[PDB]
Amino acid sequence: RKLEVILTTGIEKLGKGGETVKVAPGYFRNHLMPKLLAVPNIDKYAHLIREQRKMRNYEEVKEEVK
Amino acid sequence: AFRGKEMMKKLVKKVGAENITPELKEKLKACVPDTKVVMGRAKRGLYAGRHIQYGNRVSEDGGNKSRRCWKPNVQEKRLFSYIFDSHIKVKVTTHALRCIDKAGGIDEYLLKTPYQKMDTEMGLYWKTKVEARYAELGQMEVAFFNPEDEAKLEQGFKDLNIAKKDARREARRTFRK
Amino acid sequence: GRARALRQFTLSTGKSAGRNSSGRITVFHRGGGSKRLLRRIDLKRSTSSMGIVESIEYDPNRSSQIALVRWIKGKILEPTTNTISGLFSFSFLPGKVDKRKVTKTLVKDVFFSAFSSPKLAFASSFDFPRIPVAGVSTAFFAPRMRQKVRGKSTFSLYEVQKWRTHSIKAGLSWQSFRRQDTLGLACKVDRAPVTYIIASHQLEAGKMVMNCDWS
Amino acid sequence: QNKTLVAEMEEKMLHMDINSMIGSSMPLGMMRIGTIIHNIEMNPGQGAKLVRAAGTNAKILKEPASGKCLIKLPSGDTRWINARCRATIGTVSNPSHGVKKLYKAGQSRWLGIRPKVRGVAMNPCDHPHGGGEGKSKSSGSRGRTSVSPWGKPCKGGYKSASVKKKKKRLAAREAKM
RNA sequence: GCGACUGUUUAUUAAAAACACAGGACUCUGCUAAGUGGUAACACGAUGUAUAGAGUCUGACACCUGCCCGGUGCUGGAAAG
RNA sequence: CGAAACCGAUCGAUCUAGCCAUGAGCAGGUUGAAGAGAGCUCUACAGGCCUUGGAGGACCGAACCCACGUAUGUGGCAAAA
RNA sequence: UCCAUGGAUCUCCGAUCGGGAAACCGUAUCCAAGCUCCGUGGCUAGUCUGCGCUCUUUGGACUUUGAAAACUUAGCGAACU
Ligand SMILES: [K+]
Ligand SMILES: [K+]
Ligand SMILES: [K+]
Ligand SMILES: [K+]
Ligand SMILES: [K+]
Ligand SMILES: [K+]
Ligand SMILES: [K+]
Ligand SMILES: [K+]
Ligand SMILES: [K+]
Ligand SMILES: [K+]
Ligand SMILES: [K+]
Ligand SMILES: [K+]
Ligand SMILES: [Mg+2]
Ligand SMILES: [Mg+2]
Ligand SMILES: [Mg+2]
Ligand SMILES: [Mg+2]
Ligand SMILES: [Mg+2]
Ligand SMILES: [Mg+2]
Ligand SMILES: [Mg+2]
Ligand SMILES: [Mg+2]
Ligand SMILES: [Mg+2]
Ligand SMILES: [Mg+2]
Ligand SMILES: [Mg+2]
Ligand SMILES: [Mg+2]
Ligand SMILES: [Mg+2]
Ligand SMILES: [Mg+2]
Ligand SMILES: [Mg+2]
Ligand SMILES: [Mg+2]
Ligand SMILES: [Mg+2]
Ligand SMILES: [Mg+2]
Ligand SMILES: [Mg+2]
Ligand SMILES: [Mg+2]
Ligand SMILES: [Mg+2]
Ligand SMILES: [Mg+2]
Ligand SMILES: [Mg+2]
């Protein structure tokens, strides 16, 4: 059995942030959940992560592109 | 056996029988759990409806039968809570842990699970507390800042930290003096 | 008695004679000895000190000997920012969008009154949750209550927060949190610090004793 | 009165070392190969546990490697102890305790030792050795070894499987160190 | 003759050569010790630490304690099957 | 009409077995361990004699504790004198 | 005398203010409000005001649910035969 999670930062073998990935439940429940490195793939947290990353990475893209 | 009625009597005696209209009584009858829990330690943990069972142990050749029991897979764990920002120490069955995995955490499990399914007065208390804190969070908003403001406020915090350090050391040395 | 032990280190305990808490014998062939008093011994010796061995005495509670030792050593213009780059409102985190109370009596109000105190909260005891700010953690944020009329943009240095990098706490208990919610419900010249230690071989009175700490 | 004694120790520190400070306590990481010690802590800061009886001492065999020392205990077994745990230099006092002897039955009663009845002098309702007419041990050419009052053996190197498993786990953990 | 001794024992037909005993040996226990009681928590062991704790047999003191591991137990062992 | 027994739940350590806490008791008379100290003896320690001392599951023997022998009693004074 | 209705008095345990060898012991609960009597302090001294407790009225603070034969619904669940 595996879980769906949404990355909030960049984990080396998992992937970049804003991305949903599949992990072991003992990995997510004991490591990523208390350290705020991932959130469960439910609709409220997906919306929250998407909008906050949109607002910050708008500034980041505005700085990087020009 | 009549756990709904014995919990409703305690809730009525706490809140006052004059306070409730008959329609509110009819609605409150359908939130108080009416489950079958007898064992003492299941009223102090999150068991998700698992109970003990007493049955027969049967021999292979003789068929002789003697009493035995099956116990739920109770484990003591710490579960992380998003609104309390900390761990909660519980005694959960692995069935309850798997339901928590499906729901998306202990807080989301408490929000999603209705009142009748909480099985326990402490379960009702915890669901009520989490719902009240989420309703408090439901009326707040955060405002983010531009990187120039990021730098300005970072410099201001550095100034206040170094000034507080200087003043604290000066006060300590003068009190020594 | 010829030499009574020092009264600051003498304790009194009874005899069990091999009987546990239930009163039944668990260790056999014990009981009916002589009366004893218990001596308190420093078995840690973690404090780094220097001492003089005063006397070597007799301890009935143990096979070895003990030694009495006296120890001889040991208002500025804050960056008020009016510019906000975006507003995020936590209105779907409850999971059900509903209005705000100040009237019929409801089930949630009954359950709030039944489990409330015997006689806003996002501070003091628990503070702001980290989740709100999860899409971008290293960003300075200002939480504020949502107003019906449009609010002001003036933000002082005290109203702006950032979890540094230290935080990427304590722990509640499922069955014992309701009780805690319910309100909680050198000396002078005439003195000398002395301790009892287990005496070693060839350790008589007048000698030196060292306690050493890590270097 | 006291500074003179500190000064005399300071002058004698040239002539002594850590291995000629009988009765002094220092952590095991500071000691040397071949040091005779006693009163070894197992955990740092908890208290002396290991070598405390009269006349007994342990010996250091190996230097700190990965923060652990090898110590030979009075039973002959060797153990790997954390190097931050304290010990005491020397041998525990009263080393002649094990060669003194009693001369009458009342000296055992003064220490609180009640009389002990052999199991062969009993009935079958009390001991597995009891029963029989005349002097008898109640097993023959097809019996069992000498047994405790609750049935477990006590000769020939018997120990329970829990103790076997625990000691094997400890030795296999200590071999990789 | 028997038991080394002073002791203890079948209240109410047996007080003894029986039990105990100081002394001797063997096996287990590295400390959240082994062992004992409880479903468990826990308690005794012990505010003790192998010169210590538990179990078994013999029974002061003197001189001694021979041969057998095939059997019943107990215990150690890299693999193959 | 009639068993010896089997099972469930409670009552009993005011008798008796062991233990824990706090109190009390042991007339009188003997024997003389260790230790200690004067005159002899040793190069000197050490040793012998004498004096002192008062140990002991020590001796004789009342109160106290026990019950070894015989006689009486046997619906007894007494379901154990 | 008696009857009907309404009143006044109405000890204690069980038992619940705390302790407890049931029928006993110890107990002014606590804090705001406004009223007669009381005593004391201070003013330029007249329908002058400001401080207290005791006891009284009205609220609110802590808790005291509580018994009971059979029926009902649940948990665990024998052995004789
Ligand atoms: K014996
Ligand atoms: K019996
Ligand atoms: K026998
Ligand atoms: K026999
Ligand atoms: K027999
Ligand atoms: K003999
Ligand atoms: K006799
Ligand atoms: K006997
Ligand atoms: K053999
Ligand atoms: K064999
Ligand atoms: K005497
Ligand atoms: K049957
Ligand atoms: Mg013996
Ligand atoms: Mg017999
Ligand atoms: Mg028995
Ligand atoms: Mg048997
Ligand atoms: Mg025979
Ligand atoms: Mg034979
Ligand atoms: Mg003959
Ligand atoms: Mg005899
Ligand atoms: Mg005699
Ligand atoms: Mg005798
Ligand atoms: Mg008899
Ligand atoms: Mg007789
Ligand atoms: Mg203990
Ligand atoms: Mg014998
Ligand atoms: Mg032989
Ligand atoms: Mg039967
Ligand atoms: Mg009783
Ligand atoms: Mg009693
Ligand atoms: Mg006398
Ligand atoms: Mg005598
Ligand atoms: Mg008798
Ligand atoms: Mg009362
Ligand atoms: Mg009823």
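Residues numbered from 1 in each chain as written, not as in the entry; some residues may be left out. Chains lettered and ligands numbered in written order. Part of a larger assembly, values for the part shown. Heavy atoms only, no water.

Per the deposition metadata, cryo-EM was the technique used to determine this entry, at a resolution of 3.05 Å.

Identification of chain D as uL2m C-ter from Brassica oleracea var. oleracea is taken from the PDB entry.

With the PDB entry as reference, chain B is termed bL28m, source organism Brassica oleracea var. botrytis.

With that settled, consider the overall build of chain D. Each helix and strand counted, chain D has three helices and six strands in total. Taking 177 residues into account, the globule formula puts the C-alpha radius of gyration at 16 Å, and chain D, at 24 Å, lies well above it. A principal-axis box enclosing the C-alpha atoms of chain D has dimensions of 80 × 45 × 25 Å. Within chain D, the fraction of its 177 residues that count as buried is 27%. Long-range contacts, defined here as pairs at least 24 residues apart, represent 46% of the contacts in chain D between residues at least 6 apart. Accessible area of chain D: about 11,900 Å², with a carbon and sulfur share of 53%. Positive and negative side-chain charges in chain D, numbering 34 and 10 respectively, have mean positions lying 14 Å apart. (Helix = DSSP H or I, 4+ residues; strand = E, 2+ residues; numbered from the N terminus. Rg over C-alpha atoms; globule rule 2.2 N^0.38 Å. Buried < 20%, exposed > 50% of the residue type's maximum accessible area, 1.4 Å probe, protein only. Contact = heavy atoms within 4.5 Å. Areas by Shrake-Rupley, 256 points an atom, 1.4 Å probe, with all protein chains shown as cover. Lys, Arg positive; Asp, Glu negative; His and termini not counted. Charge placed at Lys NZ, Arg CZ, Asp CG, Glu CD.)

On to the interface of chain C and chain B. Taken residue by residue, the interface counts 60 residues in chain C and 54 residues in chain B. Between chain C and chain B lies a buried interface of about 6,000 Å² when both sides are counted; carbon and sulfur atoms form 67% of it. Three residues, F111, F140 and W174 of chain C, lead the burial of chain C against chain B; their summed loss comes to 17% of the area buried on that side. For the salt bridge of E141 of chain B with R144 of chain C, the shortest nitrogen-to-oxygen distance reads 2.4 Å. (Buried area = accessible area lost by both parts, 1.4 Å probe. Salt bridge = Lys/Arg side-chain N within 4 Å of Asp/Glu carboxyl O.)

It is worth spelling out the sheet that holds strand 7 (residues 171-173) of chain C at this point. The pairing of strands in a sheet happens through backbone hydrogen bonds and is either parallel or antiparallel. Overall, mixed pairing links the three strands, which are arranged 3(B)-4(B)-7(C) in an open sheet. Only two strands of the sheet have a single neighbouring strand rather than two, namely strand 3 (74-81) of chain B together with strand 7 of chain C. Put simply, the sheet's adjacent strands are angled 35 degrees from each other on average, direction ignored. Across eight bridges, the pairing between strand 3 of chain B and strand 4 (residues 86-93) of chain B is antiparallel. Along strand 4 of chain B, the bridge assignment pairs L79 of chain B with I88 of chain B. (Pairing = 2+ DSSP bridges. Axes fitted to C-alpha atoms, helices over the stretch in contact; angles between N-to-C directions.)

Attention now goes to the interface of chain A and chain C. In many reports, interface size means the accessible area that the parts give up when they come together. Listed as interface residues are 17 residues of chain A and, on the opposing side, 17 residues of chain C. Overall, the association of chain A and chain C removes approximately 1,500 Å² of surface from exposure, summing both partners, and the carbon and sulfur fraction of that is 69%. Per-residue buried area on chain A facing chain C is highest for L36, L48 and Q52 of chain A; these three make up 34% of the total on that side. Counting every contact that joins chain A to chain C gives zero salt bridges.

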